[PDB]
Amino acid sequence: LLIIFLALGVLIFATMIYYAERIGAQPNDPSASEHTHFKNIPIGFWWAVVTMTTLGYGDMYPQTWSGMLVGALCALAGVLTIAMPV
Amino acid sequence: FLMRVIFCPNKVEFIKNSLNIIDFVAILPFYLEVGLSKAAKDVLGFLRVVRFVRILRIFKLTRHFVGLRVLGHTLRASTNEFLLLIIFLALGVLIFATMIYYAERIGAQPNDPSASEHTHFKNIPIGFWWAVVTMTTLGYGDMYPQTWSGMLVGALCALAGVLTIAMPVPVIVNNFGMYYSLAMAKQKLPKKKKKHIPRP
Amino acid sequence: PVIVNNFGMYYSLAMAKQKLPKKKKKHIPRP
Amino acid sequence: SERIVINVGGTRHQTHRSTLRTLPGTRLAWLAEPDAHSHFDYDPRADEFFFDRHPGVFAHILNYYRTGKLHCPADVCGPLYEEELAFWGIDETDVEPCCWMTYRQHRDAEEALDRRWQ
Amino acid sequence: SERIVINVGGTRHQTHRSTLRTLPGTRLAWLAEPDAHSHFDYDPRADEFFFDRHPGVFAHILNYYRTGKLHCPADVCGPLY
Ligand SMILES: [K+]
Ligand SMILES: [K+]
Ligand SMILES: [K+]
Ligand SMILES: [Zn+2]
Ligand SMILES: [Zn+2]
């Protein structure tokens, strides 16, 4: 149950943060994402694990208001979905 | 999907079924290639956002799990505690954001024209972000207080966050524990044969 | 945990008192 | 001739024979039958069968016979009630889901926890 | 004629008729009335009404009749009570 909850949360929040961080993307740069650590989704998996476990290394964090909302939701949902079966 | 459409009893509930809605929304973008100039760019930009839901098809598989049904029932049956948690978090975030923004300006250097130059807390919404990150004991470290008053406010924020998070979460967890125990009991117990034949 | 248990007890009792419909005192006491 | 008095450890439990006759194959079912004076302990002076068992849990066993649903008394250990209903012939896999997790708890824990110079 | 003995599953519960008459409309209220010999099970040799129910919880039901506040015995399941 715990591994299923973690996998679902990680996938959903990784996709959400990757799409949120691209709203504030600068149009000038040719690449889709240049100023954000969330250049792709697997990086989102790593960040989602680190953020749901309330670890918070700080190597990668959202830098956009939408990203900040997604990050707050990720932290809260991680606390809940970890405190369910433990 | 076509094979499932072949037999669709009670089409009203079939359309109301969220799983089939997710299926159709996920299958729409690819099938829209043949349908798809000026409006086409906008509909493609929104079609990417629609394709974002393609990950939601995993719930079709995970619906048969017991733990997820228990979690859904817990969420639906603990709305009051979620409202309490969001209210507590909003109040704490607002109060501590204002407090840290005003604390970090006490030690502000008079020389710089701007009000705050050496502090990450240049305004209050940044305070909202920092307050969430600090109350959830996350602590990214992208922004942190750099003044003794700011440090006092930060310690108070961490403690109050621990407390106002640990208030309703135990209630929610107890609800889930009760539901999961009962569901596992009902799943484990072998089907009864009603030994007790009632008297007329 | 002590503080959390206090809050849990108080919240459970308050929700009980809020949920329970207003009684009509069925039991008419004897003189 | 419809009433029957069970004396369980000195406490008189009284019931109708139909109630005992509901659940067949168990000990009390054999009590309800008319050939029970010889099979079981019985004194004609008080017309009571005597069983040398805990009465407080026999209350709940007889409540199973009466209502039809088996519950576990929350004031006795799991193994105590298990052994009592084992004596009375009741199957233990009949207890209701409301009191199954607390009943089958200690047993789950216990099962989980378990040439000269040679 | 003020006392009434209830035999609930072989355990004699004794009380005054006023106590039963407090809460009207319920079964024991009908017991307290003088037209109860015919309605209910009753043997004149011991002057007891017999109910084939769990006595341990009838203690708490009768305590509701006596004091006026209904409580749940913490030694029986919720569904049983
Ligand atoms: K932590
Ligand atoms: K941390
Ligand atoms: K950190
Ligand atoms: Zn024991
Ligand atoms: Zn029960």
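Brief remarks on what is shown
- When residues of the stretch B:159-179 are limited to those that are hydrophobic (A, V, I, L, M, F, W, C) and surrounded by fewer than 16 Cβ atoms within 10 Å (Cβ to Cβ), the one farthest from B:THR98 (Cα to Cα): B:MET178
- A:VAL79 being more than 16 Å from ligand 5 (Cβ to nearest atom) and facing chain B (nearest Cβ under 8 Å): yes
- Listed by first and then second residue, the pairs linking a residue in the stretch E:59-81 that is among the small types (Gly, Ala, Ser) to a residue that is surrounded by 15 or more Cβ atoms within 10 Å (Cβ to Cβ) and outside any loop (DSSP other than H, G, I, E, B), with Cβ atoms under 7 Å apart and 6 or more places separating them unless they lie on different chains, are E:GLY78/D:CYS98.
- Of all positions in the stretch D:67-76, at least one carries a residue that is more than 16 Å from ligand 3 (Cβ to nearest atom), part of a helix (DSSP H, G or I) and out of contact with any helix residue (DSSP H, G or I) (no Cβ under 6 Å at 6 or more places or on another chain).
- Count of the stretch A:58-67 residues, restricted to those that are in a helix (DSSP H, G or I) and crowded, with 20+ Cβ neighbours inside 10 Å, is 1.
- Matching residues, the stretch B:141-187, being assigned to a helix (DSSP H, G or I), within 12 Å of another protein chain (Cβ to nearest Cβ), farther than 26 Å from C:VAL4 by Cβ and small (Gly, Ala, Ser): B:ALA185
Condition check ((1) touching a strand residue (DSSP E or B) at 6+ places or on another chain (Cβ under 8 Å); (2) farther than 30 Å from C:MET9 by Cα; (3) away from ligand 1 (no atom under 16 Å from the Cβ)) across all residues:
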| site | (1), (2), (3) |
| --- | --- |
| B:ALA115 | no, yes, yes |
| B:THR136 | no, no, no |
| B:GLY141 | no, yes, no |
| B:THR147 | no, yes, yes |
| B:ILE165 | no, no, no |
| B:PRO168 | no, no, yes |
| B:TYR180 | no, no, yes |
| B:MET184 | no, no, yes |
| B:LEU189 | no, yes, yes |
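- Only listed residue being of a type outside the set (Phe, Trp, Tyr), facing another protein chain (nearest Cβ under 10 Å) and within 16 Å of ligand 1 (Cβ to nearest atom), chosen from A:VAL49, A:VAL86: A:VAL86
- Test: B:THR119 is surrounded by fewer than 20 Cβ atoms within 10 Å (Cβ to Cβ), more than 10 Å from chain A (Cβ to nearest Cβ), on the phi < 0 side of the Ramachandran plot and more than 16 Å from ligand 4 (Cβ to nearest atom): no
Cβ atoms come from the backbone with ideal geometry, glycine included; neighbour counts cover every protein chain shown. Here, each number is a calculation from the coordinates, and none is a lab measurement.
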